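Q: Below is the file target35.cif, which contains mmCIF, C-alpha atoms and all ligand atoms.
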```
data_query
#
loop_
_atom_site.label_atom_id
_atom_site.label_comp_id
_atom_site.auth_asym_id
_atom_site.auth_seq_id
_atom_site.Cartn_x
_atom_site.Cartn_y
_atom_site.Cartn_z
CA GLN L 29 0.00 0.00 0.00
CA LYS L 30 1.50 3.31 -1.14
CA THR L 31 0.47 6.41 0.85
CA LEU L 32 1.10 10.15 0.62
CA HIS L 33 0.36 12.76 3.32
CA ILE L 34 -0.30 16.33 2.12
CA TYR L 35 -0.94 19.51 4.16
CA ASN L 36 -2.21 22.41 2.06
CA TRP L 37 -4.18 25.63 2.43
CA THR L 38 -7.96 25.46 2.30
CA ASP L 39 -9.56 26.21 -1.07
CA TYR L 40 -6.28 25.61 -2.92
CA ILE L 41 -6.81 22.56 -5.15
CA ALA L 42 -9.46 21.37 -7.60
CA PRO L 43 -12.20 19.06 -6.25
CA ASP L 44 -10.92 16.12 -8.31
CA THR L 45 -7.13 16.72 -8.26
CA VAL L 46 -6.57 14.09 -5.56
CA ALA L 47 -9.12 11.61 -6.97
CA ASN L 48 -7.51 11.84 -10.43
CA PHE L 49 -4.03 11.32 -8.94
CA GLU L 50 -5.26 8.25 -7.05
CA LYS L 51 -6.84 6.79 -10.21
CA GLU L 52 -3.63 7.36 -12.19
CA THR L 53 -1.04 6.10 -9.67
CA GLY L 54 -2.73 3.79 -7.18
CA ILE L 55 -1.40 5.94 -4.28
CA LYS L 56 -3.61 6.56 -1.23
CA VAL L 57 -3.62 10.32 -0.49
CA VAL L 58 -4.40 11.72 2.97
CA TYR L 59 -5.15 15.38 2.41
CA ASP L 60 -5.43 17.82 5.30
CA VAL L 61 -5.87 21.58 5.25
CA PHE L 62 -4.91 24.64 7.26
CA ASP L 63 -6.08 28.22 6.87
CA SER L 64 -3.13 30.22 8.30
CA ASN L 65 0.66 30.21 8.07
CA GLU L 66 0.53 30.42 11.91
CA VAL L 67 -1.11 27.00 12.22
CA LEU L 68 1.31 25.64 9.62
CA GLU L 69 4.35 27.21 11.27
CA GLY L 70 3.45 25.82 14.68
CA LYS L 71 3.38 22.28 13.30
CA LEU L 72 6.68 22.69 11.44
CA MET L 73 8.31 24.02 14.60
CA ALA L 74 7.11 21.06 16.65
CA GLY L 75 8.52 18.69 14.03
CA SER L 76 7.44 15.10 13.43
CA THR L 77 4.55 16.45 11.35
CA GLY L 78 3.79 13.17 9.58
CA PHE L 79 3.45 15.11 6.32
CA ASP L 80 5.25 14.21 3.11
CA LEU L 81 4.33 17.50 1.40
CA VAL L 82 3.41 20.91 2.86
CA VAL L 83 2.60 24.22 1.19
CA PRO L 84 4.26 27.18 2.99
CA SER L 85 4.63 30.65 1.62
CA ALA L 86 8.07 31.18 0.13
CA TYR L 87 8.62 33.75 2.91
CA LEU L 88 7.93 31.22 5.66
CA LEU L 89 10.01 28.63 3.85
CA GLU L 90 12.98 30.99 4.09
CA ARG L 91 12.51 31.26 7.85
CA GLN L 92 12.52 27.45 8.32
CA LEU L 93 15.39 26.32 6.08
CA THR L 94 18.04 27.17 8.66
CA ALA L 95 16.14 24.96 11.11
CA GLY L 96 16.55 21.99 8.78
CA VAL L 97 12.78 21.47 8.43
CA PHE L 98 12.90 20.61 4.73
CA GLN L 99 14.98 18.37 2.54
CA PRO L 100 16.26 19.33 -0.92
CA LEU L 101 14.22 18.34 -3.93
CA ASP L 102 15.77 15.79 -6.33
CA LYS L 103 15.00 17.50 -9.61
CA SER L 104 15.94 14.37 -11.55
CA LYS L 105 12.67 12.92 -10.24
CA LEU L 106 10.75 15.92 -11.63
CA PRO L 107 11.20 15.66 -15.41
CA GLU L 108 8.51 18.32 -16.02
CA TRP L 109 10.37 20.86 -13.83
CA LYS L 110 11.24 22.64 -17.10
CA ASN L 111 7.58 23.71 -17.28
CA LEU L 112 7.99 26.19 -14.45
CA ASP L 113 8.29 29.89 -15.32
CA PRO L 114 11.98 30.90 -14.87
CA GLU L 115 11.00 34.36 -13.64
CA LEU L 116 8.81 32.94 -10.87
CA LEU L 117 11.66 30.57 -10.05
CA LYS L 118 13.99 33.54 -9.70
CA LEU L 119 11.58 35.44 -7.42
CA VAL L 120 11.09 32.44 -5.15
CA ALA L 121 14.89 31.87 -5.09
CA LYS L 122 15.18 35.10 -3.12
CA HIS L 123 13.87 32.91 -0.27
CA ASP L 124 15.31 29.58 -1.52
CA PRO L 125 18.66 30.04 -3.28
CA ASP L 126 19.00 27.94 -6.45
CA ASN L 127 15.42 26.70 -5.86
CA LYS L 128 16.88 23.93 -3.72
CA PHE L 129 13.91 23.18 -1.47
CA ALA L 130 10.65 24.46 -2.95
CA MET L 131 8.46 23.98 -6.02
CA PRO L 132 6.50 27.15 -6.90
CA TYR L 133 2.78 26.29 -6.84
CA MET L 134 0.51 29.37 -7.03
CA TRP L 135 1.03 33.10 -6.56
CA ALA L 136 -1.01 36.30 -6.20
CA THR L 137 -1.16 39.79 -4.69
CA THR L 138 -2.67 41.57 -1.72
CA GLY L 139 -4.96 44.24 -3.14
CA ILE L 140 -8.45 45.71 -2.75
CA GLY L 141 -11.60 43.61 -3.11
CA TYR L 142 -14.75 45.65 -3.42
CA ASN L 143 -18.44 45.79 -4.25
CA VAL L 144 -18.61 47.68 -7.57
CA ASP L 145 -22.13 49.02 -7.07
CA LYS L 146 -21.74 50.01 -3.42
CA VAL L 147 -18.42 51.77 -4.00
CA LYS L 148 -19.81 53.73 -6.95
CA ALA L 149 -22.93 54.63 -4.94
CA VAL L 150 -20.81 56.15 -2.18
CA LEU L 151 -17.85 57.63 -4.08
CA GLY L 152 -19.31 58.15 -7.56
CA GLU L 153 -18.76 56.66 -11.00
CA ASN L 154 -15.14 57.85 -10.89
CA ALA L 155 -14.43 56.21 -7.53
CA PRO L 156 -10.61 55.73 -7.38
CA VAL L 157 -10.68 51.94 -7.46
CA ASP L 158 -7.27 51.87 -9.19
CA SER L 159 -5.55 53.46 -6.14
CA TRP L 160 -4.88 52.63 -2.52
CA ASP L 161 -6.46 56.09 -2.00
CA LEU L 162 -9.75 54.17 -2.11
CA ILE L 163 -9.17 52.79 1.40
CA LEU L 164 -6.05 54.47 2.82
CA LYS L 165 -7.27 58.04 2.45
CA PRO L 166 -9.30 58.82 5.58
CA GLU L 167 -11.91 60.96 3.81
CA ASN L 168 -12.69 58.06 1.44
CA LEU L 169 -12.89 55.43 4.16
CA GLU L 170 -15.20 57.63 6.24
CA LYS L 171 -17.67 57.51 3.36
CA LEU L 172 -17.34 53.74 2.87
CA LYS L 173 -17.65 53.05 6.63
CA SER L 174 -21.41 52.68 6.22
CA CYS L 175 -21.22 49.83 3.73
CA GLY L 176 -18.46 48.04 5.63
CA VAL L 177 -14.64 48.04 5.56
CA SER L 178 -12.38 45.13 6.44
CA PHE L 179 -8.59 44.90 6.77
CA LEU L 180 -6.57 41.67 6.95
CA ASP L 181 -5.46 40.62 10.40
CA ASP L 182 -1.93 40.57 9.04
CA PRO L 183 0.56 43.22 10.24
CA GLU L 184 3.29 42.10 7.87
CA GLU L 185 1.18 42.62 4.75
CA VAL L 186 -0.74 45.65 6.02
CA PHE L 187 2.31 47.57 7.26
CA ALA L 188 4.26 46.87 4.07
CA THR L 189 1.26 48.08 2.08
CA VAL L 190 0.98 51.25 4.17
CA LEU L 191 4.72 51.93 3.98
CA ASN L 192 4.74 51.60 0.17
CA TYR L 193 1.73 53.93 -0.09
CA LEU L 194 3.50 56.55 2.09
CA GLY L 195 6.59 56.52 -0.11
CA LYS L 196 8.69 54.54 2.38
CA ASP L 197 10.50 51.29 1.70
CA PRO L 198 7.82 48.55 1.79
CA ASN L 199 10.41 46.39 3.61
CA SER L 200 11.78 49.17 5.86
CA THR L 201 14.25 47.94 8.46
CA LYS L 202 13.69 51.13 10.46
CA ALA L 203 11.49 50.66 13.55
CA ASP L 204 10.35 54.31 13.61
CA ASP L 205 8.66 53.86 10.21
CA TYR L 206 6.28 51.31 11.76
CA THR L 207 5.64 53.06 15.08
CA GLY L 208 5.55 56.55 13.57
CA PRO L 209 4.06 57.30 10.13
CA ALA L 210 2.52 53.87 9.38
CA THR L 211 0.82 53.67 12.78
CA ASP L 212 -0.30 57.32 12.51
CA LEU L 213 -2.13 56.60 9.26
CA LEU L 214 -3.63 53.33 10.48
CA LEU L 215 -4.85 55.05 13.68
CA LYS L 216 -6.64 57.66 11.54
CA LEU L 217 -8.25 54.96 9.41
CA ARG L 218 -9.12 52.70 12.30
CA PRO L 219 -12.51 54.21 13.38
CA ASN L 220 -13.82 53.41 9.88
CA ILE L 221 -12.69 49.77 9.85
CA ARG L 222 -15.41 47.27 10.77
CA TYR L 223 -12.97 44.45 11.55
CA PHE L 224 -9.50 43.00 11.05
CA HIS L 225 -9.88 39.44 9.80
CA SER L 226 -8.16 37.38 7.14
CA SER L 227 -11.08 35.27 6.01
CA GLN L 228 -14.49 36.68 7.03
CA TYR L 229 -14.24 39.20 4.20
CA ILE L 230 -14.59 36.48 1.56
CA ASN L 231 -18.16 35.58 2.43
CA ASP L 232 -18.97 39.17 3.43
CA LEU L 233 -17.93 40.47 0.01
CA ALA L 234 -19.93 37.72 -1.73
CA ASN L 235 -23.10 38.41 0.33
CA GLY L 236 -22.90 42.19 0.17
CA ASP L 237 -22.19 42.71 3.89
CA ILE L 238 -18.95 44.58 3.32
CA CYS L 239 -18.15 46.79 0.38
CA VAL L 240 -14.32 47.09 0.55
CA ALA L 241 -11.60 44.78 1.90
CA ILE L 242 -7.87 44.38 1.85
CA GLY L 243 -7.59 40.84 0.62
CA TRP L 244 -5.78 38.15 -1.30
CA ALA L 245 -6.56 38.31 -5.02
CA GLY L 246 -7.75 34.74 -5.59
CA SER L 247 -9.86 34.75 -2.44
CA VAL L 248 -11.56 37.92 -3.65
CA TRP L 249 -12.14 36.29 -7.05
CA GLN L 250 -13.63 33.28 -5.22
CA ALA L 251 -16.03 35.67 -3.46
CA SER L 252 -16.92 37.22 -6.81
CA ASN L 253 -17.55 33.78 -8.35
CA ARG L 254 -19.67 32.77 -5.36
CA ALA L 255 -21.89 35.85 -5.77
CA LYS L 256 -22.27 35.13 -9.49
CA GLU L 257 -23.17 31.50 -8.90
CA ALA L 258 -25.76 32.58 -6.34
CA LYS L 259 -27.33 35.13 -8.76
CA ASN L 260 -27.72 37.54 -5.84
CA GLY L 261 -26.95 40.67 -7.87
CA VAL L 262 -23.66 41.30 -6.02
CA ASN L 263 -20.75 42.42 -8.24
CA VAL L 264 -17.33 41.94 -6.54
CA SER L 265 -14.11 42.98 -8.27
CA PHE L 266 -10.47 43.24 -7.22
CA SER L 267 -7.84 45.89 -7.87
CA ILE L 268 -4.06 45.74 -7.89
CA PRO L 269 -3.66 49.48 -7.33
CA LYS L 270 -1.45 51.77 -9.37
CA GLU L 271 0.95 52.45 -6.46
CA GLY L 272 1.93 48.77 -6.41
CA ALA L 273 1.14 45.90 -4.05
CA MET L 274 2.74 42.93 -2.39
CA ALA L 275 3.17 39.79 -4.49
CA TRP L 276 3.67 36.47 -2.73
CA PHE L 277 4.23 32.85 -3.70
CA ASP L 278 3.07 29.58 -2.18
CA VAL L 279 5.32 26.60 -2.74
CA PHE L 280 5.38 22.83 -2.24
CA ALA L 281 8.14 21.56 0.04
CA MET L 282 9.11 18.19 1.52
CA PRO L 283 9.62 17.84 5.31
CA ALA L 284 13.04 16.44 6.17
CA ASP L 285 11.57 13.34 7.86
CA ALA L 286 9.09 12.50 5.09
CA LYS L 287 8.59 8.75 4.76
CA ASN L 288 6.78 8.56 1.40
CA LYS L 289 9.32 10.33 -0.78
CA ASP L 290 8.74 8.40 -4.01
CA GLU L 291 5.00 9.08 -3.74
CA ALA L 292 5.69 12.73 -3.00
CA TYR L 293 7.80 13.11 -6.15
CA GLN L 294 5.08 11.42 -8.23
CA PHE L 295 2.62 14.01 -6.91
CA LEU L 296 4.95 16.93 -7.57
CA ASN L 297 5.59 15.81 -11.15
CA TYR L 298 1.85 15.26 -11.55
CA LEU L 299 1.29 18.91 -10.55
CA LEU L 300 3.88 19.86 -13.20
CA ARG L 301 1.72 18.36 -15.97
CA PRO L 302 0.17 21.41 -17.68
CA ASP L 303 -3.47 20.27 -17.50
CA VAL L 304 -3.26 19.42 -13.79
CA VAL L 305 -2.31 22.80 -12.46
CA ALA L 306 -4.29 24.67 -15.14
CA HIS L 307 -7.39 22.86 -13.85
CA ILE L 308 -6.55 23.95 -10.30
CA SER L 309 -6.24 27.60 -11.38
CA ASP L 310 -9.60 27.30 -13.13
CA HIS L 311 -11.21 26.32 -9.83
CA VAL L 312 -9.41 28.47 -7.26
CA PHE L 313 -8.74 31.61 -9.38
CA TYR L 314 -5.05 31.81 -8.52
CA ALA L 315 -2.29 31.99 -11.09
CA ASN L 316 -0.06 28.93 -11.07
CA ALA L 317 3.72 29.08 -11.57
CA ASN L 318 3.76 26.76 -14.63
CA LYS L 319 4.44 28.59 -17.89
CA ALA L 320 3.45 25.54 -19.99
CA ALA L 321 0.07 25.48 -18.25
CA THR L 322 -0.95 29.08 -18.97
CA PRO L 323 -2.59 28.52 -22.41
CA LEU L 324 -4.61 25.68 -20.88
CA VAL L 325 -6.11 27.93 -18.19
CA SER L 326 -9.63 29.06 -19.01
CA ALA L 327 -9.72 32.42 -20.73
CA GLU L 328 -11.80 33.97 -17.95
CA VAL L 329 -8.93 33.31 -15.51
CA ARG L 330 -5.92 33.59 -17.80
CA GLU L 331 -7.05 36.91 -19.26
CA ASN L 332 -7.92 38.44 -15.90
CA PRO L 333 -5.10 40.95 -15.15
CA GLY L 334 -5.93 40.74 -11.40
CA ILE L 335 -4.93 37.07 -11.55
CA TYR L 336 -2.36 36.93 -14.38
CA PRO L 337 -1.09 40.55 -14.33
CA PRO L 338 0.75 41.82 -17.41
CA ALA L 339 4.21 43.37 -17.47
CA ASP L 340 3.27 46.91 -16.48
CA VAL L 341 1.34 45.63 -13.48
CA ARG L 342 4.03 43.19 -12.37
CA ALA L 343 6.67 45.93 -12.44
CA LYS L 344 4.91 47.72 -9.56
CA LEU L 345 4.73 44.66 -7.31
CA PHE L 346 7.07 44.22 -4.36
CA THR L 347 7.89 41.10 -2.37
CA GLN L 348 8.27 40.63 1.38
CA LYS L 349 11.75 40.52 2.94
CA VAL L 350 12.45 38.60 6.14
CA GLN L 351 13.23 41.05 8.95
CA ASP L 352 15.42 40.88 12.03
CA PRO L 353 13.36 39.61 14.99
CA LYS L 354 13.62 43.12 16.46
CA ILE L 355 11.39 44.41 13.65
CA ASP L 356 9.01 41.44 13.99
CA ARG L 357 8.53 42.39 17.64
CA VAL L 358 7.99 46.07 16.83
CA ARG L 359 5.37 45.16 14.21
CA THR L 360 3.48 42.91 16.61
CA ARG L 361 3.24 45.53 19.35
CA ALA L 362 2.29 48.26 16.87
CA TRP L 363 -0.43 46.04 15.38
CA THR L 364 -1.89 45.46 18.85
CA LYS L 365 -1.97 49.23 19.35
CA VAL L 366 -3.63 49.78 15.96
CA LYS L 367 -6.40 47.23 16.47
CA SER L 368 -7.20 48.51 19.96
CA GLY L 369 -7.26 52.09 18.65
CL CL L 401 5.90 34.52 -0.06
#
```
Do you think you could lay out the structure here as structure tokens?
A:
Amino acid sequence: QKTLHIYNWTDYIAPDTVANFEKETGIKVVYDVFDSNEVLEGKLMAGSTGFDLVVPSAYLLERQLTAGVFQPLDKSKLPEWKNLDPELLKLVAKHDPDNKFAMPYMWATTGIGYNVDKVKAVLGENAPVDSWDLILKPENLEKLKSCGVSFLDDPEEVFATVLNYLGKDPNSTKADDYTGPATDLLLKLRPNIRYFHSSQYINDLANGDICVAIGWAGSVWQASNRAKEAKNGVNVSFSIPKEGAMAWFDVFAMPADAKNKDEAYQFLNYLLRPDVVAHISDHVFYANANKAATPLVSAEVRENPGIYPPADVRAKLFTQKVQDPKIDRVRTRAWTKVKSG
């Protein structure tokens, strides 16, 4: 009996990806899900996870390599590795030099999800939906307060977004930038923010309960697709704003103690087949990292520039740098202060 243990994000695979793999290979898959890097990180820190494959962000993977959590990938067992986009490989290699440990899976941005009709009702037909001004300018957010504003409960993404918007380094290593200007702006916005939460905004966008959110692109597009399938009249869109936004990459990696390594490599090379990961993107509305797969992605996903952004949009994106623990600690205390008001 061949077995394979996978730990992935929620809502991050097609319904039949596992079933098809089982039919093709005869391998029994045990598939478990998490919905935060914090849950994932806690299990990787405790070790003896029992997983053969896990899906960290490339950022988190960088933090764990020095701990020896992962083992290097034998690329000779991944003959379709050549299908991966070399530019995505280079971006992930900022966290994983020479792409030793991780296989790029999916990637997206942190932008603005919004209710088209409710935003235009409050701010007019020319509402600045192409700009972080839509939610980071206090006069705008005061007007959208009534239809509901959510921010991620994610200081790393929110502070980097605020710093970029203010003209600071999105990855500032200077503590005063977090405690001074970034906190000042967030404190001014905070009375207009209904909640800080990194998943309630998906259903709330889809049902019309909130009209603007900071959110992950594909999760906002899932909300939009849910509203369309429900025929409830709700029109959700997503903006990568003109000032730029954070891009991030989720990757497959193999825990150092993984028992089912041959099965794990079969699954990784299965994901490298163009139709497999194209079908996942079709269902979860995230861009995958496989350049061979792109033409196979449905046109409604492939041609969506908030999922597959073109060159002028990608040039404005920034990626997260790992900070000294001193900055981590400053961010955490400042975030506490912001949420409490
Ligand atoms: Cl990342």
Q: Within 7 Å of stretch 38-48 of chain L, which residues of stretch 229-320 of chain L come that close, and what is the closest atom pair and distance in Å for each? Count all atoms listed in the file and give it as CSV.
A:
```
residue,atom,partner,partner_atom,distance
L:307,CA,L:42,CA,6.8
L:308,CA,L:42,CA,4.7
L:311,CA,L:42,CA,5.7
L:312,CA,L:40,CA,6.1
```
Q: Go through L:346, L:142, L:129, L:249 and flag the residue nearest ligand CL 401 (chain L), using all atoms listed in the file for the distances.
A: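 Nearest candidate to ligand CL 401 (chain L) out of L:346, L:142, L:129, L:249: L:346.
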Q: Write out as an mmCIF file with C-alpha atoms, keeping the file's coordinate frame which residues come within 8 Å of residue L:123 when counting only C-alpha atoms, dropping same-chain ones fewer than 5 positions away.
A:
```
data_model
loop_
_atom_site.group_PDB
_atom_site.id
_atom_site.type_symbol
_atom_site.label_atom_id
_atom_site.label_comp_id
_atom_site.auth_asym_id
_atom_site.auth_seq_id
_atom_site.Cartn_x
_atom_site.Cartn_y
_atom_site.Cartn_z
ATOM 1 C CA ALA L 86 8.070 31.180 0.130
ATOM 2 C CA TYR L 87 8.620 33.750 2.910
ATOM 3 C CA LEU L 89 10.010 28.630 3.850
ATOM 4 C CA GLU L 90 12.980 30.990 4.090
#
```
Q: Name the residues in contact with residue L:141 at a cut-off of 8 Å, using all atoms listed in the file, excluding same-chain residues fewer than 5 positions from it; report them as a PyMOL selection string.
A: chain L and resi 233+240-243+245+248+264-267
Q: Measure the distance from atom CA of residue L:314 to atom CA of residue L:84 in Å and round it to one decimal.
A: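 Between atom CA of residue L:314 and atom CA of residue L:84 the gap is 15.5 Å.
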Q: Would you compute the distance between atom CA of residue L:224 and atom CA of residue L:195? Give it in Å to one decimal.
A: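 Taking atom CA of residue L:224 and atom CA of residue L:195, their separation equals 23.8 Å.
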Q: Hey, what's within 12 Å of residue L:191 if we count all atoms listed in the file and toss same-chain stuff fewer than 4 positions away? As a PDB file with C-alpha atoms, keeping the file's coordinate frame, please?
A:
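Result written to around-v4.pdb:
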```pdb
ATOM      1  CA  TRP L 160      -4.880  52.630  -2.520  1.00  0.00           C
ATOM      2  CA  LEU L 164      -6.050  54.470   2.820  1.00  0.00           C
ATOM      3  CA  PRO L 183       0.560  43.220  10.240  1.00  0.00           C
ATOM      4  CA  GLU L 184       3.290  42.100   7.870  1.00  0.00           C
ATOM      5  CA  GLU L 185       1.180  42.620   4.750  1.00  0.00           C
ATOM      6  CA  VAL L 186      -0.740  45.650   6.020  1.00  0.00           C
ATOM      7  CA  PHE L 187       2.310  47.570   7.260  1.00  0.00           C
ATOM      8  CA  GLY L 195       6.590  56.520  -0.110  1.00  0.00           C
ATOM      9  CA  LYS L 196       8.690  54.540   2.380  1.00  0.00           C
ATOM     10  CA  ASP L 197      10.500  51.290   1.700  1.00  0.00           C
ATOM     11  CA  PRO L 198       7.820  48.550   1.790  1.00  0.00           C
ATOM     12  CA  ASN L 199      10.410  46.390   3.610  1.00  0.00           C
ATOM     13  CA  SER L 200      11.780  49.170   5.860  1.00  0.00           C
ATOM     14  CA  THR L 201      14.250  47.940   8.460  1.00  0.00           C
ATOM     15  CA  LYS L 202      13.690  51.130  10.460  1.00  0.00           C
ATOM     16  CA  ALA L 203      11.490  50.660  13.550  1.00  0.00           C
ATOM     17  CA  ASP L 204      10.350  54.310  13.610  1.00  0.00           C
ATOM     18  CA  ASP L 205       8.660  53.860  10.210  1.00  0.00           C
ATOM     19  CA  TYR L 206       6.280  51.310  11.760  1.00  0.00           C
ATOM     20  CA  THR L 207       5.640  53.060  15.080  1.00  0.00           C
ATOM     21  CA  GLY L 208       5.550  56.550  13.570  1.00  0.00           C
ATOM     22  CA  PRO L 209       4.060  57.300  10.130  1.00  0.00           C
ATOM     23  CA  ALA L 210       2.520  53.870   9.380  1.00  0.00           C
ATOM     24  CA  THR L 211       0.820  53.670  12.780  1.00  0.00           C
ATOM     25  CA  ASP L 212      -0.300  57.320  12.510  1.00  0.00           C
ATOM     26  CA  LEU L 213      -2.130  56.600   9.260  1.00  0.00           C
ATOM     27  CA  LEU L 214      -3.630  53.330  10.480  1.00  0.00           C
ATOM     28  CA  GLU L 271       0.950  52.450  -6.460  1.00  0.00           C
ATOM     29  CA  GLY L 272       1.930  48.770  -6.410  1.00  0.00           C
ATOM     30  CA  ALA L 273       1.140  45.900  -4.050  1.00  0.00           C
ATOM     31  CA  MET L 274       2.740  42.930  -2.390  1.00  0.00           C
ATOM     32  CA  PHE L 346       7.070  44.220  -4.360  1.00  0.00           C
TER      33      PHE L 346
END
```
Q: Neighbours of ligand CL 401 (chain L) at 10 Å or closer, counting all atoms listed in the file: which residues, as a PyMOL selection string?
A: chain L and resi 84-90+119-120+122-123+135-137+274-279+347-350
Q: Pick the closest to residue L:109 from L:180, L:286, L:320, L:194: which is it, counting only C-alpha atoms?
A: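 For residue L:109, the nearest of the candidates is L:320.
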Q: Would you compute the distance between atom CA of residue L:133 and atom CA of residue L:336? Give it in Å to one decimal.
A: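 Computing it gives 14.0 Å between the two atoms.
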Q: Between L:299, L:341, L:284, L:366, which has the minimum distance to residue L:218 (counting only C-alpha atoms)?
A: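 Checking each candidate against residue L:218, we get L:366 as the closest.
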